[PDB]
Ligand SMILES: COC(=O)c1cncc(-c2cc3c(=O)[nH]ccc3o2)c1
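Next up: a single chain in structure tokens, the form deposited without the named molecule.
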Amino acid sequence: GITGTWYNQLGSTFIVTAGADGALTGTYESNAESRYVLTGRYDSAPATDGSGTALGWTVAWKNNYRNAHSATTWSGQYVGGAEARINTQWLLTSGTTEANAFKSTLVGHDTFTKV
């Protein structure tokens, strides 16, 4: 159920392939200037008790056209079914000097759907 195209509410889009041995590979877009490589991992043998599938992935926001000197990680779970969704929490860290490290990391949450 994970392989495919996913959308959040802010428009953004991500296309992933969930390989056989837990790999997650794909791209994240918000045009070419807006596409970034993603890579992650997921639990390739989840429970069957009704639990979701744990996964995670990272995007460093540099492509051949841009560099924000930052990286986001999303940690969450795939919830299959008719309203399949991926519920995540994320951390965005920015390259900062030591003096400003205390405010280098933003936290938030995102839900992705197939629609």
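Residue positions are given as counts along the sequence shown, with the first one as 1.
The segment from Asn64 to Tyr65 is modelled without interruption, since every residue of the deposited sequence in that interval carries coordinates. The stretch 3-11 shows the higher mean C-alpha B-factor when 105-113 is compared against 3-11 in the entry. For the two regions 51-59 and 74-82, the entry's Cα B-factors average higher over 74-82. Remark: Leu38 belongs to the lowest third of its chain, ranked by C-alpha B-factor as recorded. The PDB entry assigns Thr93 a C-alpha temperature factor belonging to the lowest third of its chain's modelled residues.
The discussion below concerns the form solved in complex with the named molecule, not included here.
The site on this chain is open, since the named molecule, superimposed from its pose in the deposited complex on the surrounding C-alphas, has no atom within 2.4 angstroms of any backbone or C-beta atom. Screening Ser44, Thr58, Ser34, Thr27 for any heavy atom within 4.5 Å of the named molecule in the deposited complex leaves a single hit, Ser34. The closest heavy atom approach of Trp74 to the named molecule in the deposited complex falls within 4.5 Å. Mapping the unseen interface onto this chain, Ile15 falls outside it, with no heavy atom inside 4.5 Å of the named molecule in the deposited complex. Interface residue remark: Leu92 is counted as part of the site for the named molecule in the deposited complex, having a heavy atom within 4.5 Å.
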